[PDB]
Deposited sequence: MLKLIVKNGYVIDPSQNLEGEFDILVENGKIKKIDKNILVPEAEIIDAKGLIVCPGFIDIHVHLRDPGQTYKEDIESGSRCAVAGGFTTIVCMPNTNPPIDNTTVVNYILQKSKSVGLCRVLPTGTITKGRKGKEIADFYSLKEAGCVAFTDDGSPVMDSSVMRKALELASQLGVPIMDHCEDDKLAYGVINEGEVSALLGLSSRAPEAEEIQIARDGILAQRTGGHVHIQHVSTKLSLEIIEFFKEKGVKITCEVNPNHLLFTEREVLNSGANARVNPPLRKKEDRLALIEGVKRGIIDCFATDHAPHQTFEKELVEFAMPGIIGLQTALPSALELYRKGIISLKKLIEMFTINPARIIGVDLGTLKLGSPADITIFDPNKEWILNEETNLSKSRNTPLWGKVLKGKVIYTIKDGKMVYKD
């Protein structure tokens, strides 16, 4: 039983431009073969008839509240949410307490993650010691310990020279800087556009990759677009749960390919990111709504959960290439269900989709060839 066949499914791997009725053979935690009609001895068989089989989703924006606020959420609860929403890899932000600005906390997160055993949690480092804004953190030790990106998420880097130093370091190391999330002059209405343009200008001058974690306006999207054409390494994301100057422009942004990836900004709160919502477990049905309304294809939808986020944080995931690890998500685009006390795996409930009928549900999740979630 070292061997798994996913039979009868419809496979989509945008990374390989692969779409069709194929089977998948998994040997030794890894994709061994994709082909029609696979049958081998000593193999578990999953019948994926009527299902869609794709790479495991990757969320590059999750607040796991661990260490510190583990009553809102913790590495285990988030891990469980993640795999139930189709995610085999998640990237946690560093506004923990203590913040992730030293390798002791990096290590705590990696060790906890290995023990829960469900999805692969990749930590991020703070840009500044303390997330305080003044003193730039040790990106070399933090990346070495396992951090895949840096961000001050929950108090964005105001000082424009701090941001410039961060992107220079980032470019040496080969990792993204993530800017502009709010969570736990002054507030101009166009602060966002000015910030994105600043990050663009410093990105071009430094060679550094900047990832915008929140865009709200058409002008913002046009600015991001302008710098992509100019060859600058800038990316951005959007929360599929949030799409239910304009919300209308974001949809246009997803249509036109300006927005690189989906990311939940999963943001557990215990009263009810404004102040932000949980997302992991509903990301897919939300994003399928756009697909049912003809705004994106399924290929594009899956692109934006798999290969595209993978390329931003530079890991070799989000594919079903032969040899890659067998992170596989298997979902039914047409299964109706309800997020409520019966189904919720978060310690928090803070989402406007609570109680709503959702359409699209993950049936299996597989990490490294093992079943880590089953409906």
- [ ] Compare what was deposited with what's modelled and send me the C-alpha-less stretches, numbered from 1.
- [x] 185-202, 263-284, 313-319
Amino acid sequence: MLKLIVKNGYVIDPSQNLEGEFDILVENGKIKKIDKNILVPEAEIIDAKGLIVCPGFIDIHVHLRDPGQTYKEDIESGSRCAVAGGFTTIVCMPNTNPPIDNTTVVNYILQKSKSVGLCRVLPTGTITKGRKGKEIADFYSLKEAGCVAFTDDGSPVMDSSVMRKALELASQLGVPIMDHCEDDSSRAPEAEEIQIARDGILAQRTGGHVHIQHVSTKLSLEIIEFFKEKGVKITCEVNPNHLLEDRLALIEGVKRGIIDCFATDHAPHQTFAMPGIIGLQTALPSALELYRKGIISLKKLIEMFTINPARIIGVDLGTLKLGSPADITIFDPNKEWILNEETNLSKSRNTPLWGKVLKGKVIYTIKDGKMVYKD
From here on, numbers count along this sequence of modelled residues.
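Only the largest set of C-alpha atoms that superpose within 1.5 Å between the two forms is called the rigid core.
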Task: Greatest C-alpha divergence in 4 other deposited structures of this protein once each structure is fitted on the rigid core, 254-262 or 156-164 - done: 156-164
TODO: Find out whether the coordinates of residue 272 are absent in at least a third of the other compared PDB entries of the same protein.
DONE: yes
Task: Other entries lacking residue 211, at least a third - done: no
TODO: Look up the CA B-factors in the entry and say which stretch, 57-65 or 37-45, has the higher mean.
DONE: 37-45
Task: Of 132-140 and 196-204, the stretch whose C-alpha atoms average the higher B-factor in the entry - done: 132-140
TODO: Tell me, please, which of 266, 80, 164, 218 has the highest C-alpha B factor according to the deposited entry?
DONE: 164
TODO: Would you mind checking which of 109, 93, 148, 188 has the top Cα temperature factor in the PDB entry?
DONE: 188
TODO: Please place residue 75 in the lowest, middle or highest third of its chain by C-alpha B factor as given in the entry.
DONE: middle
Task: residue 371, C-alpha B-factor rank within chain (lowest, middle or highest third) - done: middle
Open item on the list: Please say which third, lowest, middle or highest, residue 14 falls into when its CA temperature factor is compared across its chain.
Closed with: middle
Task: For residue 340, the third of its chain into which the C-alpha B factor falls - done: highest
- [ ] For residue 281, return the chain-relative third of its C-alpha B-factor as stated in the PDB record: lowest, middle or highest.
- [x] lowest
